[PDB]
Structures are given as C-alpha cells and as structure tokens.
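Okay, so we've got the same protein chain twice, two forms, each given alone as structure tokens, structure 1 and structure 2.
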Structure 1
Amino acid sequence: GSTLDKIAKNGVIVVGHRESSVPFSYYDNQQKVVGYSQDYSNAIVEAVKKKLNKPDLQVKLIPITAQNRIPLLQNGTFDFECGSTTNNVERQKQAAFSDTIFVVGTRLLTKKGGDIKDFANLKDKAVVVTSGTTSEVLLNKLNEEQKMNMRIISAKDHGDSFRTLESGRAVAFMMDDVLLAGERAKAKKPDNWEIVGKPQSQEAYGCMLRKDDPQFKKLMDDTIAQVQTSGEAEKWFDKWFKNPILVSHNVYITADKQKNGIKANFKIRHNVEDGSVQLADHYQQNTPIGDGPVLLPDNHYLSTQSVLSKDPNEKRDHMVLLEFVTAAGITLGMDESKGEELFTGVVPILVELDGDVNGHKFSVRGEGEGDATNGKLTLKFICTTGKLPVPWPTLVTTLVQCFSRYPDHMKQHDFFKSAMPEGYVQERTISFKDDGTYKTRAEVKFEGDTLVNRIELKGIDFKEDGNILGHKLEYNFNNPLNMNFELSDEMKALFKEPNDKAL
C-alpha cells in the first residue's frame, strides 16, 4: 500500500520529531516542537490534508531518537520525521529520504587565538569527534593516510565533544559546521570559538519516510521543492539560524537505589544586567517520605522553561510564574503508580519558604494550580516579610516537579508522583559561581487536596556587593540563543535546484 492510504484510513498522520536537535526540531519555551525542519513538517502535514481532502485530519506527534527512528518508522508507529537525519546509502536500504532540506560541510571548531587554521594543523595534536558520525570516519582516514599522529577522542554526543574542546582537552572539534555553531551558541563564551578548515565532505539532511512509497515521497518532495524555490525556506533559515531563539532548560535525573530516591544535576545561567552571566550549579537529591514503593527511573531529563512576569496591581514584592515541563530522554520501543491518579486533574498548590541569607531573614508564600496532564504551572509568589533580599530568579528552582508531564511511554519513570500522597523530601545545594551558596531542604506532599511545598533555605558566604545580595540580576529566566550561521552557497544552490541525493 502507501502511507497516504493508512493516513486516509485512520484519519491520523503521526509525525516523528527530535527532542533536542537545535534548531531543527526541539522543545521551545512552552514545550512545543518547533524548528527549521519542523516548519517543513507542518507544510507536509497541510499538503497531506489537501491531497487526501480530509481537513479534519488528526496530527499526533512522537519523540524519536537515532536509536528507534528506523524501527518505529518501519512498523508504522509514525509516518515521517523532519529533523537532521543525514542521507546515506546505508539508511536507504532501511527507509527513504525526501528532498534535502539542509547541506553541511565537515569543518573544525577551534579557539580564536590558536594555531588551527586548516586540517593540516591537526598534526601531533588532540582532536575530539562525536562517536558514530561521518567526521570520525573522515578524521581517522586523514590521520591514517597522511600519518598525522593525531590523538583522536570520540565523545558520546556533541555536547560532550564541545566540552572536551571548551575545557582544552582537545584543540579542535570536527563535525558538521551547522552543529559546530549550535554547540558554540550554547558555550560559556561563544565569542571565543571559530569555525575553520576546508570541508572534508558534504552531508545532506533529509526528511525520512518508509521505503518503497513513491506516493508519499512525491508529496514530500513537491512540498519541499515549492517551499525552497519560492523563497519561503530562506525566511525560515533567517528566523532559526540568524535570529535569537528560545530554548528550554534540561534537568537530568538519575536513580538513587541507595536512598530509594533520585538525584538531579543541572546548571542555571542567570543573566546579569551588564551582559554577563551568573552561573548557578544545582545538586539535588529526593528521598520519599512514606515507606511504600516508589518508582525508580532510568536516566532521563526534564525539559523546563519558566516565564517570569509582574502583577501590575500588586504593591508587594512578588513574582508571577508560568512554567511548562515535559519529560524526555527515554527511547520508546526499547525499554523494559497510585499517586499518578492524584494528578489527573488540576491540583491546587501552596508554597511556603523560610529563608536566611547572610543573616537577612525573609519569607515567601505562593498559590496557584498545577496541570500535570499538560505539564503546566501557574503560581504567584509574595514576599510576606517586606522586601526580598535576593533576586527572584535565584529562588525559582527552589520554589514541585511532580507536575511535569511524563508521556505515556515514560510513566514508569515518574518518581515524583509515585511518592504521593506521602510525598518526598527535596534537598539541594546551589553553588553560585564566585559568590555564596544556597542550602535547601523541602518537603513536598499532599495536605488535603492541596500540593504543599514547605522549604527551609539557608544562604552563606554571599557578597553584599555581589550579583545576588546586590540585586544585579535581570528579571527573566531564559538565555536566548543565536546560531549566527550564514546561508552558504550550497544552500542557495540547493534552494534553486531541490534534490534528494546523498552527499
């Protein structure tokens, strides 16, 4: 048959999407799947509705990784994906690729004051690469052919590879140039990094679909070709690759079978009013309060973003917070509670915090609602002791992760809801770089119908003239990213003449 036959039969089109392929397919500030490649997916979805003449077609999404994107495509769990999947002949034995939507070149990322100008300069030096990529093959081929005596480091992913370069453990990072810029956009100081070298190869990114389906491929190729030749694709490029984009935070969770709980590690980069960044290092552990059984999860992360605003009719020191959380990082298809039912509806929230920072005592109270079904939070906090001695953004992470939306395939990894209604104890250590430290102990539990979060906070060794006690932090909670990636001549030529050839 054909994918269009199955779509018209079931009345649904299932779209596969990456979870953290910035800026091709990723979660934005509201946990919505956006990106340059996701713009092609929307156009393809609209073209399917017109081809089949079914304007009421349902559109459902599914998160995919490089692990399960081919098996789940082959058994029909989803119909197509538009992200950064590279077109090659090996994958063409397993599936099909649409017209190319992005062309890259394998180059080098290096520090701006070094000696790395081209690939020949890598001789006798340590070069980092991401395992499994074509760059690892090309870099090894160049090392063996030219006898370069290179110490090649193969890291787990691109973030690991860049942090190898950022820390100085390698002199250059070789990968597709657009992914080098993506890792540069998330750097401590993106201004320090430079893309150099002549491309060792060209790689083509294409939307993937099932093999031996010319009907569905023709529709995707026709939709992609029209978007590119008409100039709509260049406008998408400038919006995503030459303009600021909003990205979610990631809270990585690991199990802790010793204490029947979990641990968490993440960093928050508070913006300073002078343009600099105040780093906040979060170390977290959660222990169940009751003796019953709780869910112990595999390694996964929470995609979180919070919007900070002000009540214009509130005279007290306050913070209005909207939060959007989703769980991610667990491969659907390759993965072997009572409190979950307590969050099926909208749950009232009460937050009470007693704080002590360098002797400055204060208290904060918060009300609102939690929607775990949609992974949504809305809360208004008020400093009941008068003025807040610390900036409001420093207290955001301290002031109820049981309201995160765990998708249906991840529900067995939800420790937070599983510890309810007895709840859990949340202890944190927040190390502000070149400043003081927060020490937090919180009890999160159900008091009646209300989710309650009582916190005791102690802050020590803070500079009275620092970014915290001096109120030098901006009233926001995001770090806008800019790829600063120009439209290459290959991308211009591709938009003029769309094709689906592997490179």
Structure 2
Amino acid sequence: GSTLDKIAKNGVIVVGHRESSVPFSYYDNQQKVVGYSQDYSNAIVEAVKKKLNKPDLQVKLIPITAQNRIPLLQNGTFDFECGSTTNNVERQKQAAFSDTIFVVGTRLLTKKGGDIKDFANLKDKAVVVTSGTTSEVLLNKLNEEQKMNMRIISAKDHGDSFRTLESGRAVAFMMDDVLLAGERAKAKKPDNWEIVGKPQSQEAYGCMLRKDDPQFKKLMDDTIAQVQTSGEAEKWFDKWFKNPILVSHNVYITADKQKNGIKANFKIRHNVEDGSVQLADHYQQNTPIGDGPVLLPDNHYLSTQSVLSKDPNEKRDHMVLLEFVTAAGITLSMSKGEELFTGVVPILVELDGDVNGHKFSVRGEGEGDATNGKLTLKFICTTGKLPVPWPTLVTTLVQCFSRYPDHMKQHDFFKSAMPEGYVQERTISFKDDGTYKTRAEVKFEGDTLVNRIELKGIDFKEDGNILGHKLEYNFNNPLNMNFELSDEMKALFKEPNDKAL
C-alpha cells in the first residue's frame, strides 16, 4: 500500500512543518508557514496533484517539533514533513527520507569576546540545546565521554534555545550551523553573535515519510532532483540566504456600493530600531471623481511588498521606492480605464503635510507598470528635512498599479475609475501614538497618473517612535541571513542523493 492512495481518496494531504527552523520552516509574523524547505514542500504537493490528477487537492499543514516528529509520523498524524530533519541511519529504522535538500555542520553560537572558541571551552559551562535533536545527543555524549561537567539546558525549540543564550542563561547554543544563523538573524543585536567551533557532525536534511512507500518517496525524490538540477534550488538559496526576506502586507478590500467605491483595512508594522514594532492601523475609503460607471468588486485583497533605498547623488532628504503588488482572494478589457495601464505610465506624487504643527511638502516622480504590478518612484522633501520618518508616509504616497490576475479583472475598481480618477481617504492610527488623516485625488492629468495628497497628523508624542525618528529605514519587516553557500551544497545541487552522511 501507499499513502498516495490515502491522499487520493481523502482529497487532502496532511503535511508537517516546523515552528522555528529559520529560514527553512517557520512562522512569519503573519503566522504563515514559510521557508526554504516549505518551498520544496509546496513543490512536492503540486507534484502530488499532478500525479493523482487531482488539481483541487487540499493541503493541511500541521506543526511538529524535533521531539514529536517520529511519534506523529508513526501514528499517521501527518503524511510527510519537510523542515530541518536530519536523515541518519538510526532514524531510517523508524522512517524513510527523501533526497537531501540541505547539508549542515553542528556548531556553537556564542557572544563575541568570550572564552568560547571551540567545544572544549564548554567545560563547566551552562550550554543550551534544543530537545530531541541530533545536537542534544551529541552534546550529552561529549559531556559524558570527556567528563566536561556542563549544565545542559534542553529547550523546547530553536527560538527558545537562542533566547536562553541571548538572556545570558547559557554561554553557547549548539545546533546545526545554518539554524544558528537563522536564530541570529532574528536577534535584537545580530552583530553580537558568532558561530564557532569544529563541527561535531555533518548532517543531511531530508523530507520524512513512513517506511515502505517507494512510490511516495519517488515522487518526492523526482521533484527534489528536478528543482536541484534545473538550478531552481540555487535560486531558492539566494532568495532565503542572500536577499532580504520580506513579509507581504494584505490590503483587505470590500465594496462600498452606496459611494460607488470601495473601503479597505490593513495593518502595517514598522520596524523600530530597538527591535520592537510600531503598529499603524489603516482605514481607507475610495470614491470615484467621475459620475460614470466603475467596477464594483467582490471582497479581495492586495498583496504588497516595498523596498526603500537611497539615491547616492541626492543630498536632499529623499526616498527611493520600488513596490510590487498583486491582487488575490478570489479563486478560479473589463473597463475602459484598464486600457490606460497596459504600458508604462508616468507618475507624479505631490504631498502637503502638517504633523503636530510641523509643515512639510513632498514631491515624487517615476513610472508604474501595472502589467507586472510594479512601481518605481523617487521622493524628495521639497521643504527641507522631513519631520517624520519616510516609512510612515509610504502608504500615503496609487493602487491602480496593482496587478490584477486575468480572472479578477472585473474587480479592479482602481483602474476603472480612470481617467477621471478617485478620492482616497485614510485614517492611520499609530498604536500608543498619534493619527494621520489623509485625503488624496488620484487621476490622470494628460498622460500622467497624479497622486495629490493633503495629510494632517495630530496627537503625536515628541518622544514617540514617529516624532522621535526611531523607525528603521525599511518596509515589510526584513530578515537578512548571514550564511554562505558551502562547497557541500554546491556539490549537492549537481548530484541529488538521499544518503545519510
């Protein structure tokens, strides 16, 4: 028998994932399960839908830990898992493993400038390790065999392990080197932590499934090997390990039929330099300027990502912005205004602002490419220096440039209101702080899409995160990994295999 028969009959595949194996299988700040291994898991699921000819197969992701993964496999709580599980000979007595998706060495994470340079320095020290892992076994064996008198703290997952080290309750955290780097990227001061020591082991990550299911295993292996030899595995590596990891924002849109328009709600979480976040709650209403027909949407959402940067040639207070937005939420030309966006469209943005009496103006210029959902803009404070952080103005500074998929084009209010345009009004509520109230007209003036805004901010705290300029210069809560592509992974990509190291 085979699990693929259980799955075809049930119509659902049940998939285990980890909670804190960064950046392989973990919860993003919206509780979505993401990561390098989750990308393989998504590919394997798509392969299952093809093999079984079941394009509407459902997926149920359920969380597992290093401690309970094998018991939950063995009693059928999930069908397979991909995360950070080491394939080794001992575990092959209980389970089967796919082709290898990553290779690691087990090392130490410690504060710079100590006496922890290698495993021998753990003598008489408090050392943290995650329950149920290969490192926990290795560390206890080392403690016993070399008589090192460590006080080993066994924590329930990798984030808990790391915060033991971060809080000073342990001097080092032993784990897979890549996962040490993942927990480091999430730390308050990532620059404070270094990975040290001779690897105690070399270990291969594989997907785990029940034994005696060669057909199910073969579908995994074929999928992994194809991702690896086609080069996509390396592209996924660059995404998770060499570029900023972003979390998209969801702009939730509902029709406002009585105003022939829409309303939206969404939350922005601005990174604060101390490592906290500053919530900005957005309430939005839009209504057409013209008196002719628009498209009135069913509920849906926009998935948004923005990247803020600096222009080296500009000494004025400024912001360079790239933005990528796609609509979603409905599963499977519509307006005259839609036709105005099939090419590249020039954009002009003008903002007048007053925040706690501090008056300023902003001018932005660039282009929009709605076919690809992309914006490129450069903004300048034309009145001197900006009295608020640039990130707090991003949402205020043209959702007509969203990419609507073809099956959703009847729901694109924003383009349908063009060329006469729409009024966009927001109240942005900054938690424990003040409020922005904005009113803008978004419309074509000649061949240019113009966003003309007036902003009023009141009730802000002079020492708060906004008027005190405590926000990081970024968007979408980026995480940046410090981890090089090793020779072992270069070799893996050219020769997929499923062998324990």
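Every residue number counts along structure 1's sequence, beginning with 1. Residues that one form lacks are left out of the comparison. What we label the rigid core is the largest C-alpha set whose atoms superpose within 1.5 Å from one form to the other.
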Practice problem: With the two forms aligned on their rigid core, point out which item of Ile289, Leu379, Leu138, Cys383 shifts its C-alpha by 2 Å or more between the two structures. | Solution: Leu138
Quiz item: Does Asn453 count as moved between the two structures, where moved means a C-alpha shift of 2 angstroms or more after fitting the rigid core?
Solution: no
Practice problem: Return yes or no for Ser37: a CA shift of at least 2 Å between the two structures, with the rigid core superposed? | Solution: yes
Exercise. Using a rigid core alignment, state whether the CA of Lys60 is displaced by 2 Å or more between the two structures.
Key: yes
Self-check item: Shift in Å of the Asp221 Cα between the two structures [rigid core superposition]
Solution: 6.1
Exercise. Superpose the two forms on the rigid core, then give the C-alpha shift of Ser248 between the two structures in Å.
Key: 1.1
Practice problem: Report, to one decimal in Å, how far the Cα of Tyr406 moves between the two structures once the rigid core is superposed. | Solution: 0.4
Exercise. Please identify, after superposing on the rigid core, every run of 3 or more consecutive residues whose C-alpha atoms all shift by 2 Å or more between the two structures, listing them in sequence order.
Key: 1 to 247, 480 to 503
